[PDB]
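A.B. asks: One structure coming up, written as structure tokens, with questions to follow.
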Amino acid sequence: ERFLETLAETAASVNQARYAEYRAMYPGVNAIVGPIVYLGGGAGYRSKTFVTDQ
RNA sequence: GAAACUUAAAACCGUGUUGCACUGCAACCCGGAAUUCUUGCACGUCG
């Protein structure tokens, strides 16, 4: 329950650490900070794991 | 006084249901408690 009250916070902290720096490598893509999550197929290998190093 | 079987013959027998009437019967819950439950992205990879 205490985790669910800070759910938009951990969704933003996992956004800046997992795929904000990977998204900024490819040109023409503008980085958003967001409470961003990923859902469903076609989302990539990075969204369905917890591996850190490239 | 010594000498001559109150003897012989004759089933205590014949006939006759230990028989007649009578419910091993009346009353009684195989009943009371219990989640087919616990974990699991129809998804990953592109000369």
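The way I read the labels, and the way they are meant: chains A, B, ... in the order of the structure tokens, residue 1 as the first residue of every chain, and ligand 1 as the first ligand shown, with later ones counted on from there.
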Give me the chain A side of the contact with chain B, cut-off 7 Å, one line per residue showing its nearest atom pair and distance in Å at one decimal, counting only C-alpha atoms (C1' of nucleotides), sorted by chain and residue number, as JSON lines.
C.D. replies:
```
{"residue": "A:40", "atom": "CA", "partner": "B:41", "partner_atom": "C1'", "distance": 6.8}
{"residue": "A:41", "atom": "CA", "partner": "B:43", "partner_atom": "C1'", "distance": 6.5}
{"residue": "A:45", "atom": "CA", "partner": "B:44", "partner_atom": "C1'", "distance": 6.6}
```
A.B. asks: Excluding range 19-23 of chain A and residues on its chain fewer than 4 positions from it, collect all residues at most 9 Å away from it, counting only C-alpha atoms (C1' of nucleotides), and give them as a PyMOL selection string.
C.D. replies: chain A and resi 14-15+27+29-33+46-47
A.B. asks: Once DSSP has gone over the backbone, tell me which residues of chain A are in helix (DSSP H, G or I), as a list in words.
C.D. replies: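 Taking chain A and keeping helix (DSSP H, G or I) gives residues 2, 3, 4, 5, 7, 8, 9, 10, 11, 12, 13, 14, 15, 16, 17, 18, 20, 21, 22, 23, 46, 47 and 48 of chain A.
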A.B. asks: Have a look at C1' of residue 38 in chain B and CA of residue 6 in chain A and let me know their distance in Å, one decimal.
C.D. replies: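 Separation between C1' of residue 38 in chain B and CA of residue 6 in chain A: 27.2 Å.
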